[PDB]
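Take a look at the structure below.
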Number of protein chains: 2
Amino acid sequence: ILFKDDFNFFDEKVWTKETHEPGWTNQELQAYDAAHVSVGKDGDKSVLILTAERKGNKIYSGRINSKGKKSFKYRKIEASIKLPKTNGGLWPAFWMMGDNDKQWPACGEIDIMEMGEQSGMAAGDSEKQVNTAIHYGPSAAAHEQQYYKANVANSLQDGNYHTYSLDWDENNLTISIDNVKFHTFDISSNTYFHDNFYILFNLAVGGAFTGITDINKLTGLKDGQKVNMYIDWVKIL
Amino acid sequence: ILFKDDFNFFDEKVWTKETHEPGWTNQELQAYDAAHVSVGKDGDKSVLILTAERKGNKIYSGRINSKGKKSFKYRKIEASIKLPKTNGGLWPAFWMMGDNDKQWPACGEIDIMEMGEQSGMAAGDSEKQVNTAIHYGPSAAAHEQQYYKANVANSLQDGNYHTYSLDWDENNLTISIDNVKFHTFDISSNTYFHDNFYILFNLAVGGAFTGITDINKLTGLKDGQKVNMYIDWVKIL
Ligand SMILES: CC(=O)N[C@@H]1O[C@H](CO)[C@@H](O)[C@H](O[C@@H]2O[C@H](CO)[C@@H](O[C@@H]3O[C@H](CO)[C@@H](O)[C@H](O)[C@H]3O)[C@H](O)[C@H]2O)[C@H]1O
């Protein structure tokens with residue numbers, strides 16, 4: 001184990017909490033702030049807690065990253081995450097971007113896990129439908145993305161922690177869920193995935209991906225409701 | 001050349017015109033019927049024509065396939081297609097499904113070209129943004145999909161014909177647009193892409209892919225409007 005965070009405390013030497021207004025990316029409904037990121041207890045477990053909350057028409061949630069603090073290359077990254085029910089507009093993600101100063105998507109993006117996509121709600125398997133993706137290109141106008149989407153066998157929103165893994169070498173990005181291979185992206189001649197990448201976790205609320213960008217269609221998070229995303233640990237082997 | 005249709009006439013030994021109610025697939029707004037498929041002339045060019053039109057709240061368009069009539073395996077297929085401006089909910093596609101009686105998606109699906117996606121309008125490059133994809137898996141519950149999307153250099157909705165190509169061997173599916181390689185899907189160990197596939201062309205109107213499933217939001221086909229998708233030719237080499 002080269003690195004492990006058990007989230008006994010919020011380590012500011014590793015993580016930064018983000019602050020953005022609604023609409024900052026992907027027509028998202030939440031404001032990100034420091035107050036909706038905490039470390040706490042879930043039973044016997046030390047966990048990072050991202051809390052989505054709604055008061056009136058105002059929506060808050062949490063997002064952290066290890067940019068300029070913790071980045072790695074050609075190593076295995078795993079995180080144990082307990083996801084909320086996403087149906088009706090929640091958008092949790094475990095992902096990485098290039099640890100350099102290049103504007104997105106030139107920095108590179110690996111989406112290890114996201115749930116909450118529009119089509120999953122329409123098909124009635126929002127609890128099983130996972131997206132994994134890579135984004136790259138020298139600019140936004142030249143943005144390129146590869147996706148794989150599938151239902152896993154059983155609910156990942158089942159009140160349990162699940163293991164999300166990326167295996168990374170010169171040739172391949174291999175995503176696994178509870179130690180079962182989900183998909184492999186070929187990067188052997190992709191120039192954007194051979195540098196240091198930092199880690200992100202967030203719980204977005206609505207946005208293009210969920211197909212919900214009007215608070216009137218946000219059934220997934222109600223007035224007075226708080227909803228948590230729990231990360232028990234993250235490690236780099 | 002194994003096969004070439006110049007569309008001097010509609011050959012019922014190769015092609016079948018499809019009839020479906022609105023919302024048959026993907027929450028699409030259009031009815032498909034035989035009256036909205038024709039063969040005719042675009043100047044000197046003999047063309048297959050798929051016509052989308054709106055009479056009040058009734059939307060009609062055209063869809064054809066060569067199931068049980070014309071299918072192939074490990075051949076290059078190209079088509080020369082002129083597209084309408086898709087912005088505001090039009091959804092043209094050139095694609096393939098396995099020539100067997102397995103229920104979708106166990107038949108396999110190759111989407112060589114589709115345009116008109118939500119994100120294309122949101123990225124203000126609706127004339128340039130193309131999706132390519134493969135769908136497979138034993139049931140609708142176990143639906144798996146790989147997709148690539150990017151903007152091509154030049155408008156594909158510019159009043160001219162463009163060439164859409166699939167190269168297909170036992171290892172690779174390679175989509176090209178105007179002889180520029182767009183994406184390669186690895187099918188080397190994917191069991192769903194090693195039998196005969198038939199061809200489809202269609203012009204859907206609205207649907208989940210467009211993010212417009214409500215006729216009130218459909219700005220791309222107004223009341224009293226008529227739009228044409230033109231295929232000059234298709235060939236298998
Ligand atoms: C690339 C992309 O985003 N979408 C795919 O492209 C094509 C062309 O744009 C879409 O039309 C596909 O939609 C899927 O097509 C299947 C075959 O037409 C549909 O399957 C059919 O479903 C009906 C109703 O349930 C059944 O009665 C038919 O037997 C079955 O073939 C499927 O529902 C639809 O999602 C995209 O895959």
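Atoms considered below: every heavy atom in the structure, side chains included; atoms not considered: hydrogens, waters and symmetry mates. In what follows, chains carry the letters A, B, and so on, assigned in the order in which the sequence lines appear, proteins first and then strands, with residues in each chain numbered from 1.
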Would one find more than 12 heavy atoms of other residues, nucleotides or ligands at under 6.0 Å from atom [atom1] of [X]?
X      : atom1 : value
B/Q225 : CD    : yes
A/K181 : NZ    : no
A/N154 : CG    : no

Atom group of B/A141 that falls short of 4.5 Å from chain A, counting heavy atoms |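 It is the backbone, since no side chain atom gets that close.
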
Measure [X] against the heavy atoms of chain B and call it side chain, backbone, both or neither at under 4.5 Å.
X      : result
A/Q118 : neither
A/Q129 : neither
A/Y136 : side chain

About how many Å separate OH of A/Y147 and NZ of B/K149, when rounded to the nearest 0.5 Å?
->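 One finds 6.0 Å between NZ of B/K149 and OH of A/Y147.
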
With B/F185, which residues qualify under ring-ring contact (aromatic ring centres under 6.0 Å, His included), at least two apart?
->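 Result, ring-ring contact (aromatic ring centres under 6.0 Å, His included) vs B/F185: B/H183.
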
Any pair counted as ring pair (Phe, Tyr, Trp, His ring centres under 6.0 Å), so long as it reaches residues 101-120 of chain B, sequence neighbours left out =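 Checked against ring pair (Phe, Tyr, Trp, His ring centres under 6.0 Å) - neighbours excluded - the pairs reaching residues 101-120 of chain B are B/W104-B/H143.
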
Tell me, out of B/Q27, B/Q145, B/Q146, who's got the most heavy-atom pairs with chain A below 4.5 Å.
->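 The option with the most such pairs is B/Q145.
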
Answer with yes or no whether the side chains of A/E144 and B/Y148 bring together a donor and an acceptor at under 3.5 Å.
->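 Result is yes, a qualifying pair exists.
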
